[PDB]
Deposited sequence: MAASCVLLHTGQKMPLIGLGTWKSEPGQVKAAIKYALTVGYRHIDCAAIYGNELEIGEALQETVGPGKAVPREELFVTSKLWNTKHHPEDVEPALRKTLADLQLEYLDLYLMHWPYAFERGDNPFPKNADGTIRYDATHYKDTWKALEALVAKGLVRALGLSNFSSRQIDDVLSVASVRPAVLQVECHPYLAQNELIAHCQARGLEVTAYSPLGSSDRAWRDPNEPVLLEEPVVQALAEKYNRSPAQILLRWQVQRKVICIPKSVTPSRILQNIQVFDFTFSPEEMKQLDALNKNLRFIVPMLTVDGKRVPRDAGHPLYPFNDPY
């Protein structure tokens, strides 16, 4: 396929570039999936909360499997367990719904989307009349053991974590019979995650960078905050290498051996996003991109300012 891979501790090879699907709407996502698969993507990043798994499933049924264009075994599919589904009794039903929507037998990777839980039910964002969330106190260690039962059932090959801090990861590892294979977190030159990455490396977790292009797609942008794709150093390197700024951002990550899942529905961008394995940055150029680190996080749960979940005791970002 188009991308090089990293070996997870499970023995699975995970492509260093995957297709992100948040905000890829029903009515466009089937085309994005089909285009990406045809040009050599072998890694898709999904989530129940994105509201598009049913359509992704139609794309997969037509394109992936026996007698189809892509063998199932060559495809890496990630999905994620949503916050309202942390209770042990809800974990299997949640995965089974995802598998039915995606029209798959099994997932290659299943992540706990966030370390904290929302009230059980069929409202993905259960809330009060003030707009604040109704939380649930199910601990992630309890959810983890429920997730482990899914591996024993042959429904998921590997488990992982999304938006966990180093302390929370260590906490999961203290009870894990099945070790998490992957940590998925926001990561790009403004939020380099150097220490967290080193932490994962020590414990055998590979890291996937979400929002690796700075999620210019996002609906709550501070006009005052810098745009990653517009960073002068990035644009300078883009000119030098005859590449797009997005390719610079992506190259930086895959050169660090960090998995990236850029989202696009634009065929030309989908193609360029995976073409990041034919050039290399010098040690000085890597240092220049490394210097951009500024502890600037773009992806934070917000309400009607203001951080929505930032006051929760199990909020992952409050640690350094």
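In sequence order, the deposited-sequence ranges that have no modelled C-alpha atom: In the chain as deposited, 305-308, 325 carry no coordinates.
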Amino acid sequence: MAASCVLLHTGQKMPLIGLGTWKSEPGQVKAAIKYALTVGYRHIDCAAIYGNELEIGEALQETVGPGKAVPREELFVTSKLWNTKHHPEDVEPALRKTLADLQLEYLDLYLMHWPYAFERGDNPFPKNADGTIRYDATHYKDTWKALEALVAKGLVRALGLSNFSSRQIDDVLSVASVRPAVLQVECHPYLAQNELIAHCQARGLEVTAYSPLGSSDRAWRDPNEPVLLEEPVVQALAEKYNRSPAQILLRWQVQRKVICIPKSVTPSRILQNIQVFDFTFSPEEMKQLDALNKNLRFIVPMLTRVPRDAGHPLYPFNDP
From here on, numbers count along this sequence of modelled residues.
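Tell me which of 30-38 and 287-295 has the higher mean C-alpha B-factor in the deposited entry. For C-alpha atoms only, the mean B-factor is higher in 287-295.
For the stretches 175-183 and 198-206, which has the higher mean C-alpha B-factor as given in the deposited record? So the stretch with the higher mean C-alpha B-factor is 198-206.
Can you pull the Cα B-factors for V91, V227, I248, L104 from the entry and say which is highest? When the deposited C-alpha B-factors of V91, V227, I248, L104 are compared, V227 is largest.
When the CA B-factors of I133, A137, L161, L99 are compared as recorded in the entry, which is the largest? Answer, based on the entry's C-alpha B-factors: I133.
Comparing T10 with the other modelled residues of its chain, is its CA B-factor in the lowest, middle or highest third? Middle third.
By the record's CA B-factor, is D142 among the lowest, middle or highest third of residues in the chain? Middle third - that is where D142 ends up once the chain's C-alpha B-factors are sorted.
Would the CA B-factor of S215 place it in the lowest, middle or highest third of its chain? Its C-alpha B-factor belongs to the highest third of this chain's values.
Lowest, middle or highest third - CA B-factor, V233: As the PDB entry reports it, the C-alpha B-factor of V233 lands in the highest third of its chain.
Quick check for you: using the entry's CA B-factors within this chain, is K80 in the lowest, middle or highest third? For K80, whose C-alpha B-factor we compare with every modelled residue in the chain, the answer is the lowest third.
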